[PDB]
Each structure stands twice: as C-alpha cells, then as structure tokens.
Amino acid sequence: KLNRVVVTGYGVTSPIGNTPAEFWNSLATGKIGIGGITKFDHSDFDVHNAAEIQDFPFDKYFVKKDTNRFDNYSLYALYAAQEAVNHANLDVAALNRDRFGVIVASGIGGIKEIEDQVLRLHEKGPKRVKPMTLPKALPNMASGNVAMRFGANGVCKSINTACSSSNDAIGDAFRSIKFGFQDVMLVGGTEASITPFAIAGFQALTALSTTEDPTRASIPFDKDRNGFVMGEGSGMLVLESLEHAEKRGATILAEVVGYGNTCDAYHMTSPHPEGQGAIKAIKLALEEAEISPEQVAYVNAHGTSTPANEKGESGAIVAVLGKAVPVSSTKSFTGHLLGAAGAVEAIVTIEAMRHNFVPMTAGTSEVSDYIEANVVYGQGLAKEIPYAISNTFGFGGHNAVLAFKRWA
C-alpha cells in the first residue's frame, strides 16, 4: 500500500527572486542574478562574479538579534520554509506532529561562521570564539531550526551529496511519504557559501568561471563555457501524501513520481565521461514513475557550465530521452546553489509545468558542436509539459534525478 506524493506549496530566496512570482518572472523575462561579487573584497581573486541575494527580506520574519543564533544558511531555509508553509496554507496546529518531518539539505552548512570563527580563534584565542559558533555552523542545524520553528516531531535530518543534496532530500522525503512513514514533509536545501574561503576553494579546484563579464560567465552547454558561477539561497517544498492533501482540501501544485540515485564511483570531481551513472539515474526515475522516455516533456539540466559536465549530461540525456526533448539549465540565471540547487530547480520544473513554458538557458549563444541535446537558449519555449525531470550530478559522483508529473 503506497501513497501518491504531492507538492502543496513552496518558498524560495534566490539571486532572481524571493517569491515564486518574482522568481518565475525573472526566468520569463530573462533577467539573470549574476553580477560582480559584493560580499567580500575579491580583488586578489581570479573569480569576480557570483549570483547573490542582494535584497534578502530579513525583516519579514527575523529581528536583528536573530543573527546571533542563525548563520545565513539557516536564515534562507527558515524564510523559504515559512513561505512554503504559507503557500501551502498548511495549519501545523491541525497536524499529527509525529507524522510531520523536515529535511534541509546543505553541501557546506554555515561556512561563513566557520571561516569567521577560525580567524577569531587564531587572532584572539579560544576564549574569543562565539558560543553559538557550532549551532550556527554545523550543516544539520538548518533542518533542526526549521523543525523547531514549525513543531515538526517526525523525521528530521540533513542530506549531503554536494550538488545533488536537495535532489536527494526531496527524493528521500518522497520515499518516506510514499512508503507511509510520514504524512507531511517540509523539504529542500540551503546554501550561503559566497565567502572568501568557499570561492577560493572552488577557484583553486579550477571549477569556477573566471570570465570577467557576468553576462558570459554562466553559459551552460556553450562552447565558451569555463566553469560554474556560485549562487546562494534556499528552496523549500511542502510534500504531503495525496490522502493528507485531499482530506484537508489542499491545492495541489504538482506530483512527485520518480526518484533515481546512483554513483559514478569514478573520480572525486570528474564526472563519468560518457554519463554512465547519469543514464542509470534517469532510467531509475522513469521506471519508478512508470513512464516512457517519450513522455518526458522537459529536462531541467544540472548544467553547471563546466566543459566536462555538459558533454556528459547532454550525452546521457540523448542516450535515454533522445534529441528532441527540450533541455535548459537555470544555473544560467541563479548560479549553482550547490546543496540548494535541486530544491530551487524543482521549483523551476514545477513552474514550467504550470506555465506550459520551458525557461531558456540565459547567456548561452552557441552550443558546442558535439552537443546533440535540444538545448533551449536565446528565448524560452512555450509547450505543454505533462512530465518533466530535474537532474543533479555532484562532486563525489552523486547522481540524482527527480521525475515530476503536472497536476490535473
């Protein structure tokens, strides 16, 4: 006896908008969120751009004192989760709190707190380290903070698969509800890693675009791509068993139907050259959804804008789905949200289905000649989308694919 799993609401804070409305509008009008870095002095760096949240609505739910106990990585999640709960019209006082869980993925956690307190420790000694350092920094804290805010007494955990974190978090929540372990879950991801350390770390790895022009830095599938552009933010969804949603007269936005997770077991940072693991992940998701490849009307690509990623991802998409399926990467707009990528990308995917519109890959102007997938760039594509998939293939060889079904 398995339950169908539906999405009843979502919230987002990102470089292109803090409500699904501003978020989608940016996608529809082609307004990117990438610009010169303002968070720290990057003059000695090779990387000078990032997709920042420059208008976080801090005042909506938080007070100045809140920063004493929450790093931005938690703040983004709390905001996004509150927005999702409002969106879903979820009455926590009407729930069985033992069947209400939370999963907040994050790839790096409160990395600004870590860097700042490590420096304080070395400059001023251990006595100067803030008591709230670990409660603010530890990557599982956002999930616990979200549970504390809403009184969720069920499952509570964080998942870390780097770039696939929130795809795996949503997949896990989906599976928990599907198999009857929980009835409602607040799930998603959060990241706040536009810091000197994290940018320097990815720059040393040589994974980031060093392209000075912000309009040409995140160009997935483009022959000129040269690395990803880091973004920050959080996406949070409210998932409920179909029965729970219907019984309370919830408004259904979409359905989660398949989840595939595999491992390349190949290299720590290089993805498998022929997308072998990705192929398998896509197939597992379609198999669970009980749909054929031709039924996939849109692919929200992982599309980070690195040379290796798109070669293998296009390769995998083609091997499974073919050359006609429209493909786009919204990291061209948002930057790569790391642990939050999958969650914000799930929101893109659902909105695409709700708007009968494939958002374009911004910036991209000429696809590598060897790339055979149907990359959507230049302008978005109006079309019916009854099923869509959202891919994430993280450092460490973590492949995750979610299959969604448009709601009737």
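Numbering starts at 1 and follows the sequence shown.
Trainee: Mean Cα B factor from the PDB record: higher for 213 to 221, or higher for 186 to 194?
Mentor: Comparing averages over the C-alpha atoms only gives 213 to 221.
Trainee: Averaging C-alpha B-factors over each stretch, which comes out higher, 86 to 94 or 229 to 237?
Mentor: It is 86 to 94.
Trainee: Per the entry, which of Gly275, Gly335, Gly144, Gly154 tops the list for Cα B factor?
Mentor: Answer for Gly275, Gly335, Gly144, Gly154: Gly275, with the highest C-alpha B-factor.
Trainee: For the C-alpha B-factor as written in the entry, point me to the maximum among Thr206, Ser74, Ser158, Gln295.
Mentor: Each of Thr206, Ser74, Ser158, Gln295 was compared by C-alpha B-factor; the highest is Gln295.
Trainee: Sorting by Cα B-factor within the chain, modelled residues only, which third would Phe70 end up in: lowest, middle or highest?
Mentor: It falls in the bottom third of the chain.
Trainee: Please say which third, lowest, middle or highest, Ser165 falls into when its CA temperature factor is compared across its chain.
Mentor: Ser165: CA B-factor falls in the lowest third of its chain.
Trainee: Using the temperature factors of the C-alpha atoms in this entry, rank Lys124 within its chain: lowest, middle or highest third.
Mentor: As the PDB entry reports it, the C-alpha B-factor of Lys124 lands in the highest third of its chain.
Trainee: Compare the C-alpha B factor of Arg175 with those of the other modelled residues in its chain, then answer lowest, middle or highest third.
Mentor: Lowest third of the chain for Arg175's C-alpha B-factor.
Trainee: Going by what the PDB entry lists, where does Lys130 fall on CA B-factor within its chain: lowest, middle or highest third?
Mentor: According to the entry, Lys130 has a C-alpha B-factor in the chain's lowest third.
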